[PDB]
Ligand SMILES: C/C=C(/C)C(=O)O[C@H]1C(C)=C2[C@H]([C@@H]1OC(=O)CCCCCCC)[C@@](C)(OC(C)=O)C[C@H](OC(=O)CCC)[C@@]1(O)[C@H]2OC(=O)[C@@]1(C)O
Ligand SMILES: Nc1ncnc2c1ncn2[C@@H]1O[C@H](COP(=O)(O)OP(=O)(O)OP(=O)(O)O)[C@@H](O)[C@H]1O
Ligand SMILES: [Mg+2]
Ligand SMILES: [Mg+2]
Ligand code: NA
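In UniProt numbering, the protein residues as written are 1 to 994.
Structure follows, in structure tokens:
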């Protein structure tokens with residue numbers, strides 16, 4: 001029964017055909033279970049470890065590496081010779097990296113937890129029902145409960161299903177529904193039907209929601225829905241149906257893989273076309289097997305050279321490091337890849353209370369009627385000091401301290417504030433500050449009572465724990481609170497029935513003290529109090545009252561106003577029904593207006609500045625608040641969202657106004673709106689949806705399970721540190737301090753992390769371009785391999801990985817927050833930059849291939865065969881050039897490979913320097929700008945020499961320590977790379993402006 005709240009208890013019992021005193025029969029249970037299923041949320045997919053291991057090899061680049069690992073394996077097996085000392089190193093290294101890759105991938109999944117499974121923490125193991133086959137209640141497993149059975153719940157129980165309350169056994173039933181409605185105060189439940197078929201959860205006063213808790217009382221009810229049909233169940237289905245897209249970088253990275261895969265295959269086809277002349281060679285002669293092995297060798301090297309094997313680790317390291325940095329600033333990032341997205345944040349949707357404001361309530365003004373005489377009318381307005389909950393402060397009349405007691409009107413003002421209140425104060429000796437007990441709104445009144453002290457009590461005698469509730473207790477001894485008519489959103493007011501303390505056999509003296517939203521309370525007043533007298537509510541006085549209220553709540557004070565009143569002659573006690581909250585408003589009529597109190601929930605001290613940073617950064621800010629529209633707008637003007645005098649008619653909406661708009665208008669309203677007040681349960685999700693239809697990267701705040709759907713949908717769900725674990729699990733980031741300013745600071749950090757990432761990504765991919773050219777130039781010239789797989793891998797993971805990481809520490813630009821949000825579609829490399837890396841790549845390719853060919857020719861240490869052209873042959877089956885001798889295996893010498901590798905390492909240490917800045921020369925922005933980068937270069941060179949001298953290594957890498965002359969040749973070919981990029985940058989700065 002989805003609509004149970006609007007049905008009477010008799011109608012719910014008739015619908016299921018069950019009796020309240022016996023419960024369902026076993027046949028009913030059978031059929032109901034069959035029809036509705038078990039009361040539980042579905043189980044998450046049983047992803048097996050094997051399925052998880054197979055996914056670690058779905059990426060296109062890891063599959064290419066796997067393929068090359070296979071070819072490598074085959075080659076290191078179809079080879080002939082005693083090179084058994086080392087041959088399967090290459091394939092074992094590739095495979096090892098792939099294995100290490102998979103392990104990590106599985107490791108993360110095992111430690112990852114999803115929000116959906118976090119909801120199941122809200123379903124109790126057991127529940128209690130009454131079923132026909134037994135006289136007494138029986139506790140069964142919650143999953144065995146079904147729609148229709150009679151359930152029993154009591155204080156401490158976790159509600160097992162969505163239940164329509166049939167009968168409240170205790171004097172009252174109080175529920176803690178915080179997780180679903182946000183109401184952090186336990187609310188009173190009743191049994192009468194709630195007429196509105198579309199009432200939001202907060203107004204279903206006769207329902208118990210599954211996952212919620214009984215704070216007080218005992219009750220009997222009938223199960224309306226179970227499983228995915230409960231409120232929490234529907235939240236679980238929305239979440240499950242929400243698909244979160246890949247981050248911008250993840251998308252570019254996947255696109256890069258596809259293209260790389262395309263380029264690699266094409267290069268293989270090029271190496272084939274450039275050697276089609278081989279078909280013109282005689283069928284006899286030459287080893288077709290040694291020619292094939294050659295091509296498969298460049299295929300393996302080509303694959304290894306094209307893939308930036310160390311990039312993922314570099315990215316993850318920069319992210320982990322930045323994330324730890326962000327934590328120091330109260331931003332707990334849960335998804336490393338979300339740092340980027342945070343930097344792209346285009347719109348920030350933020351709840352007001354507790355995030356934009358402190359949620360520390362304080363009464364600042366208040367007024368009572370002074371005189372009423374015909375058309376003449378005057379009010380008595382006061383001010384109060386002290387923004388804390390501490391009874392420290394004083395009342396003021398024109399900033400001149402006065403005594404409240406000197407005005408009876410204030411004595412009654414304070415009596416209403418003390419009695420029509422469920423809160424109190426408590427001095428926390430530990431912290432040393434007066435903490436609140438209850439809601440902020442009412443506690444502000446409790447605090448106001450202590451400051452007013454209308455009975456001039458001697459509080460300067462009590463301690464710090466007795467000063468708390470001193471003046472309140474005095475007023476409590478003067479009136480006996482019989483019962484209280486709880487507050488409810490419909491009438492927006494609350495009242496308490498009271499009778500004098502010292503009173504004999506009398507039936508006169510009772511009073512109802514009322515507190516609530518001004519408009520409704522003032523409309524129910526037929527009288528106005530003046531000191532101790534009373535006169536009839538007239539238009540002059542009414543407009544006067546409503547005008548000040550409008551001014552206080554809509555002007556620059558942005559005060560939350562409450563009208564206080566008292567029904568002088570309340571109905572007789574026997575004539576009131578305390579169970580029908582629908583009658584509470586009628587009981588609060590024919591009232592006597594006493595006064596108005598205006599309180600402030602001040603903006604965080606940093607919010608003003610942060611909002612301005614957003615404006616500079618081109619980030620739109622949208623406030624979501626529970627305030628009425630007028631006050632919401634007022635507050636937006638106050639903190640900077642709206643200009644003090646700017647028109648906002650179509651930039652601020654209440655939930656109601658928004659719903660009345662057609663879909664097209666709602667979408668349009670979202671592209672310009674900055675303020676949403678009194679927002680429905682699904683509006684956050686609809687707002688996110690509309691924002692995304694404009695490609696906005698949206699950050700949205702939330703804290704309870706009811707915010708989970710929207711948090712999951714927003715590109716950046718932001719949960720409160722003080723919120724539910726579910727909201728946190730559904731968010732990309734958690735504000736350890738709930739402060740809006742913490743979000744802005746994270747966006748900036750995001751912009752800075754990414755800028756540095758852009759550099760080391762371009763740095764690493766740049767080197768792969770050069771490596772591919774080298775492998776291509778060598779395979780197109782029929783030259784002996786200059787660089788082999790194992791070497792390339794060491795350079796891409798270690799040698800270049802260190803500088804790359806260091807680049808992640810590049811100082812941020814000073815105008816980081818003065819620039820608009822970076823467009824998601826923004827490529828990392830294109831235009832003139834694409835050409836530059838096209839030039840640098842061609843350079844590196846020729847420099848390495850050259851350096852090796854150099855040793856093979858114009859080098860003393862090696863065959864000085866200049867212009868001999870290694871291209872000519874590599875089989876020595878004919879031996880035409882070498883007219884006389886006994887050697888031909890110097891084509892496999894380590895010296896030449898060591899010259900190429902040394903050149904690669906040296907040009908890369910230089911290109912890392914050219915990476916500090918995209919367009920600035922090393923003359924404007926020196927290398928020492930980033931000490932980590934210099935330090936890394938020193939560490940990488942040391943590692944290079946390491947594999948050149950420590951015997952085990954040079955054999956594994958096929959390297960041989962270089963001569964001082966050979967080294968100098970390395971510097972001669974490498975160092976000039978700086979000049980090349982220096983010139984390319986110069987052209988970008990001086991001839992590419994527009
Ligand atoms: C890794 C090494 C190499 C050599 C590679 O093939 O990279 C290409 C490639 C896949 C792209 C290209 C490379 O293309 C070439 O260099 C042209 C072919 C030259 C081969 C000559 C042999 C006969 C990047 C590397 O070239 C330069 C010169 O910078 C730039 C960029 O990449 C990025 O912006 C990185 C995104 C994370 C991508 O065009 C990219 O494709 C895309 O979709 C992009 C948008 O991504
Ligand atoms: N305890 C209370 N007793 C009487 N009137 C109250 C009380 N709390 C709030 N009000 C009044 O009723 C109005 C509606 O309050 P309500 O709780 O629904 O909204 P809110 O507190 O401003 O935001 P939220 O929906 O997040 O709680 C308030 O603007 C105020 O005038
Ligand atoms: Mg409230
Ligand atoms: Mg919430
Ligand atoms: Na999200």
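A virtual CB, placed ideally from N, CA and C, is assigned to each residue, including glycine.
- Item | Start and end residues, alpha helix (DSSP H) containing residue 295 | 288 to 306
- Query: In or out: residue 196 buried (at least 16 other Cβ within 10 Å) or exposed?
  - Reply: By the neighbour-count criterion, in which a residue is buried when 16 or more other Cβ atoms sit within 10 angstroms of its Cβ, residue 196 is exposed.
- Pull up the distance between the alpha-carbon of residue 300 and that of residue 780, whole angstroms please. 15 Å
- Just the C-alpha distance for residue 176 and residue 213, rounded to the nearest angstrom, thanks. So the alpha carbons of these two residues sit roughly 5 Å apart.
- Taking C-beta to C-beta, are residue 588 and residue 496 nearer than 8 Å? no
- Query: Is the Cβ-Cβ distance between residue 307 and residue 65 less than 8 Å?
  - Reply: yes
- Task: Taking residue 415 as part of the alpha helix (DSSP H), name the residues at either end of that continuous run.
- Result: 408 to 419
- Message: Less than 8 Å between the C-beta atoms of residue 530 and residue 372, yes or no?
- Response: yes
- Query: Tell me which same chain residues have a C-beta within less than 8 Å of the C-beta of residue 741, skipping the five on either side of it?
  - Reply: 604, 606, 607, 609 and 610
- Task: Can you check the region 152 to 208 for any beta strand (DSSP E) of at least 3 residues that lies completely inside it and give the ranges in chain order?
- Result: 162 to 168, 173 to 176 and 187 to 189
- Close-in-space but distant-in-sequence residues of the same chain around residue 802 (CB under 6 Å, 5 per side omitted): 936, 939 and 940
- Task: Give me whichever residues DSSP pairs with residue 366 in a beta bridge.
- Result: 382 and 597.
- Task: Mind listing, in chain order, the continuous alpha helix (DSSP H) runs of no fewer than 4 residues lying wholly within the region 492 to 559?
- Result: 518 to 523 and 539 to 554
- Item | Backbone CA spacing between residue 805 and residue 53 [nearest angstrom] | Those two C-alpha atoms are separated by around 28 Å.
- Message: Given 7 Å as the limit, tell me if residue 689 has its C-beta closer than that to any heavy atom belonging to ligand 5.
- Response: no
- Task: Could you have a look at residue 141 and say whether DSSP puts it in helix, strand or coil?
- Result: Under the three-state reduction of DSSP, residue 141 is assigned to strand.
- If you follow the alpha helix (DSSP H) that residue 326 is part of, which residue opens it and which one closes it? 311 to 328
- Task: Below 8 Å CB to CB, which residues in the same chain sit around residue 534 once its five sequence neighbours on both sides are set aside?
- Result: 527, 528, 568 and 592
- Message: Does the distance between the C-beta of residue 945 and the nearest non-hydrogen atom of ligand 1 fall short of 7 Å?
- Response: No, Cβ of residue 945 sits at least 7 Å from all heavy atoms of ligand 1.
- Near ligand 1: residue 433 beta-carbon under 7 Å from a heavy atom: no
- Task: Pull up the distance between the alpha-carbon of residue 112 and that of residue 967, whole angstroms please.
- Result: 50 Å
- Query: If you measure from each residue's Cβ to the nearest non-hydrogen atom of ligand 4, which ones come out under 7 Å, in chain order?
  - Reply: 182, 351, 702, 703, 704, 706 and 707
- Item | Straight-line gap, residue 86 to residue 96 (C-alpha atoms, nearest Å) | 16 Å
- Task: Determine the direct distance from the alpha carbon of residue 47 to that of residue 869, and round the result to whole angstroms.
- Result: 58 Å
- Are residue 36 and residue 227 closer than 8 Å when you measure CB to CB? Yes. Within cutoff.
- With a cut-off of 8 Å, do at least 3 Cβ pairs link the region 844 to 861 to the region 773 to 790? yes
- Task: Check the DSSP bridge columns for residue 576 and list the partner residues they point to.
- Result: DSSP lists no partner for residue 576.
- Item | Helix, strand or coil at residue 637 according to DSSP, with G and I counted as helix | Correct three-state label for residue 637: helix.
- Considering residue 949, what are the terminal residues of the beta strand (DSSP E) in which it resides? It is not in any beta strand (DSSP E) - residue 949 instead sits in the alpha helix (DSSP H) that spans 931 to 949.
- Query: Identify the residues that DSSP records as bridge partners of residue 653: which are they?
  - Reply: 676
- Task: Give a single yes or no on whether residue 119 has its beta carbon closer than 7 Å to a heavy atom of ligand 5.
- Result: no
- Item | Sequence-distant residues of its chain with Cβ nearer than 6 Å to residue 60 (five each side left out) | 257 and 261
- Item | Three-state class that DSSP yields for residue 821 in the structure shown | coil
- Item | residue 79 to residue 73 span [Cα, whole Å] | 10 Å
- Runs of alpha helix (DSSP H) lying entirely within the region 36 to 74, each at least 4 residues, in chain order: 49 to 54
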